[PDB]
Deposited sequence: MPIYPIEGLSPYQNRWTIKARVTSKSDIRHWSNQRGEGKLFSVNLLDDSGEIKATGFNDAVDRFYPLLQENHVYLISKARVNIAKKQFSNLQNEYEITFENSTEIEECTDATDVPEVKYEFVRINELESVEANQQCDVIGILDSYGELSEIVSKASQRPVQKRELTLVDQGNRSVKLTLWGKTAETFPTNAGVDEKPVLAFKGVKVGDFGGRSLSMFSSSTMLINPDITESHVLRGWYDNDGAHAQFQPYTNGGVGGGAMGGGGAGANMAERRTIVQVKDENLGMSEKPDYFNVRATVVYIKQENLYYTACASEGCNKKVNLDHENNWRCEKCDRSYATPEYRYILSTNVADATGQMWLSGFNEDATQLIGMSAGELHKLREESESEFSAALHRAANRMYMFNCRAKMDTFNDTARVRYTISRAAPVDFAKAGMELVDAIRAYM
């Protein structure tokens, strides 16, 4: 009996005694050399955590036997190097089940720790930052119909279902269910009688202020004999289906985020915006070039009108909109900039706000700077390039006289926070290690 931790490939005789804390579906695959089935599972003991995976014939022998939250004895498997891109655990190693792998269930679970939930009150979810794990409990209010969609990235039809989860905070929050768990959901008993549902490892999404989605390792339990679901049970039946609730918001993408960080290759490789519906994304990119010609235009000096202005017969600037002439045309940016990253290059358009911080200058101040010399004007622009920015963007289609083109529009452009950006990458590189 080894602790999980002491497992290595340096040691062949061994037995762990761990409790499954999550189980994968049976995942198939089709490719050039192979075709088959894998499934995985996450182990726990006193000492630590380790993933374990069965391929093809071990799915048959073991998928039925290993169920979540039960404690098993595992023996005579292989210990491999973890593929950390395909796992949550920090372990250097994982296990693969071979054709000798012994598994029996221990009726001794008391040495073996139990999955400690760190629950978040629904009304506290807004304190947890998007794309992060979370354990959450609450009364299922109601649930939505099964929605099947094709995603634009996978291009593989998604079955989807949404649930409403409420607690003492009186706040309601949407939680998305995926795949089989979605479909076979109402097959779960006591599912209309306002069950309490317990979630481990749930993703916190910012669509609708806060929202929740599941992963392959997520876990919902229907009506658990944990004190908390009883408190809620006592709470809900006595004053819950009485009082009214708060929907969070700020159809559905519950658990979704409102603009994923994509590389430039991804935005194009996914055909973002090539459709009716605008797609939103986030790009970390460097400004490589700014288009000199037609950077600015003369605008309605009117309030809350920026309709272009034009020189009439009396050499004045008229807006067609507010129906008036001015001696002074308001300069505004119709910026056209070329941003690059390591995956490719791409054009963005930005308006007066964002372009001003990109050139650290109002358009008027730039106009005044061009009337003095072109040297001090192109200088300003050159000096705008070679700077990195986090780009909040939308991709939408344009009808230029029957012809279509994709235009990517910077909604907000902050400058890269290197400390934080750095840390993020630290996390990504650690994944290949």
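Trainee: Would you mind checking the deposited sequence against the model and listing the stretches with no C-alpha coordinates?
Mentor: Deposited residues absent from the model fall in 1-2, 253-261.
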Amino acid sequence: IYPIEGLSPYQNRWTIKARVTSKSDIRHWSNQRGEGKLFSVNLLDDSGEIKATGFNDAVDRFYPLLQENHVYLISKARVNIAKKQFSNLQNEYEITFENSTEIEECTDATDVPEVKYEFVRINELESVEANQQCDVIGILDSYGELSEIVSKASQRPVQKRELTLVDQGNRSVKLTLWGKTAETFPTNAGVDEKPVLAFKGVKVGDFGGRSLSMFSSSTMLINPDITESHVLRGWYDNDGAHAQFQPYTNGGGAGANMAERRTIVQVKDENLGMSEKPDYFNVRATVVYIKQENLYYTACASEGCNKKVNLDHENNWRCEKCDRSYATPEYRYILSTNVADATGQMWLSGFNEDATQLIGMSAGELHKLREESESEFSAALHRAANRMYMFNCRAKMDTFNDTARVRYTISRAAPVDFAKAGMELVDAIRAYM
From here on, numbers count along this sequence of modelled residues.
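Trainee: Can you let me know which of the two, 100-108 or 181-189, has the higher average C-alpha B-factor in the entry?
Mentor: On average, C-alpha B-factors are higher across 181-189.
Trainee: Looking at the entry, does 270-278 or 325-333 show the higher mean C-alpha B-factor?
Mentor: Per the PDB entry, the higher value belongs to 325-333.
Trainee: Looking at 286, 223, 147, 80, which one carries the largest C-alpha B-factor according to the PDB entry?
Mentor: It is 147.
Trainee: Quiz for you: based on the deposited Cα B-factor, which of 31, 53, 47, 386 is highest?
Mentor: Each of 31, 53, 47, 386 was compared by C-alpha B-factor; the highest is 31.
Trainee: Looking at the C-alpha B-factor of residue 175, is it in the lowest, middle or highest third of its chain?
Mentor: Its C-alpha B-factor belongs to the middle third of this chain's values.
Trainee: State the tercile, meaning the lowest, middle or highest third, of residue 406 with respect to the CA B-factors recorded for its chain.
Mentor: Its C-alpha B-factor belongs to the middle third of this chain's values.
Trainee: Taking only the Cα B-factors deposited for this chain, tell me whether residue 136 sits in the lowest, middle or highest third.
Mentor: Residue 136: CA B-factor falls in the middle third of its chain.
Trainee: Can you tell me whether residue 70 has a C-alpha B-factor in the lowest, middle or highest third compared with the other modelled residues of the same chain?
Mentor: Its C-alpha B-factor belongs to the lowest third of this chain's values.
Trainee: Please place residue 94 in the lowest, middle or highest third of its chain according to the CA B-factor in the PDB entry.
Mentor: As the PDB entry reports it, the C-alpha B-factor of residue 94 lands in the lowest third of its chain.
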